[PDB]
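Single chain ahead, written as structure tokens, the form deposited in one PDB entry.
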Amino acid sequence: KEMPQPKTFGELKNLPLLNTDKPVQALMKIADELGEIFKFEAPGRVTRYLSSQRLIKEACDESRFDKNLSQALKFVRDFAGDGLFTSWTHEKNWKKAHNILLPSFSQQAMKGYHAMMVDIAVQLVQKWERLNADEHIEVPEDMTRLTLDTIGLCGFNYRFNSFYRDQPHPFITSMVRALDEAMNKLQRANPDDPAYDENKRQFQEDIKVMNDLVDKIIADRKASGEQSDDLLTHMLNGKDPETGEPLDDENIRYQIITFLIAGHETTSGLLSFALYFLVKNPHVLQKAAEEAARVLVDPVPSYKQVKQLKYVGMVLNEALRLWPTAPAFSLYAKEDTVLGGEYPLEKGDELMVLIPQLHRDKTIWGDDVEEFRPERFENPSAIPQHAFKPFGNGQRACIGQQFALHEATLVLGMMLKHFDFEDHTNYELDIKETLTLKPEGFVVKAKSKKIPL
């Protein structure tokens, strides 16, 4: 069958469709119009966007397809290097780093990160306890303070001290401006127009800021000998069981930059969306708050208690269904192959998985796909294979999944234990797009229940 394609712009093909502040949402709209698969061309580029479980289940067969670096990831690679997120599966450092780091990101490993995750969570709760009666919370702003600080502390025992600032730490200034440049480059017609020379100079300066802080951190740890409960420790001492080799200091730097990227707004977005859905769905808020009160019986939550928050976990999954904060990933065909019995592909041909659209497949979820219903996830094994992919696919799935969900469950549980929430402005969802998604301008008021820490 002949593949549908959206509107074109003469010799720029489909490229100006991405010249928008909200490209994911635009692509979602195209999928609604065109269906489960459409072709997208640009000068020198062809991809196919997939939206249905039927076709994505095939895309997710690792014998047939492998992770591709999207143009976005190729631009992120200029500062994330051959870290896990921006390496090809066949590069030696991918499987080396993968083997070394997998045990440090397991569910068992979360027991050892718990104490420092509580450190930052308590900082958030204390900030909100200390607000005056008149005052509101800037939700994505505070969630990002929390998630960045947690990965800094758990990852390399570095305190960004985001709750002590209005101005982001200079590393985060540089990282955010670099991520912005990478996303802004995708859209651009004539990349080497003199107009973008300033952009390029700033890009190089921000890479240097990031490299300088992180390489100093790594060198300070090597020159101290100190052993922490952190990823930097394990990367400095660990050996890949397969090659017998450690990571070198340049790759360790790339992994740290990678983890700081993920721990920024990709993780903070999940919390911001979950609180959005909770204040728009009071009966769901009631259930989640009741669970928190019943389960979190101590001033300091334990690891075991966070595992006990089943309903809180269901809320977070349902927020990942509607607004997966890392909303796409890319694949390539390893050999010539036919997709869904209808769409012949050549070796090297690219696919893109539009995760928010996969998660609105009515043939899987039913017609009420836009509703916020945590009960969809009461039993994980009711969900068909390959229907729910907020953390990607296969050996190239998110290594930080257990970390992100432990942190999110802890924090959301403590927020629900300690405060009542009010959508005082009747907030209208407005999703800003960077590398990730977030509900821009989302504000609430938090009335303390006056329960001691």
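Rigid core here is just the name for the largest C-alpha set that superposes within 1.5 Å across the two forms. Counting begins at 1, following the sequence as shown.
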query: Residue stretch of maximal mean CA temperature factor, 219-227 vs 155-163; finding: 219-227
query: Stretch with the greater mean C-alpha B-factor as recorded in the entry, comparing 276-284 against 371-379; finding: 371-379
query: Which of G244, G112, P344, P356 ranks first by CA B-factor in the deposited coordinates; finding: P344
query: Top Cα B factor in the deposited entry, candidates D134, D82, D119, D240; finding: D134
query: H90 - which third its CA temperature factor falls in, relative to the rest of the chain; finding: lowest
query: B-factor third for the C-alpha atom of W128 within its chain; finding: lowest
query: Chain-wide C-alpha B factor ranking for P390, given as lowest, middle or highest third; finding: lowest
query: Modelled-residue ranking by C-alpha temperature factor, third containing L102; finding: middle
query: B-factor third for the C-alpha atom of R360 within its chain; finding: lowest
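FYI, the form deposited in another entry isn't displayed, but the following is about it.
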{"property": "Of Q126, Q108, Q286, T363, the one whose Cα moves 2 Å or more between this form and the one not shown after core superposition", "result": "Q108"}
{"property": "After fitting the core, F171 CA displacement of 2 Å or more between this form and the one not shown", "result": "yes"}
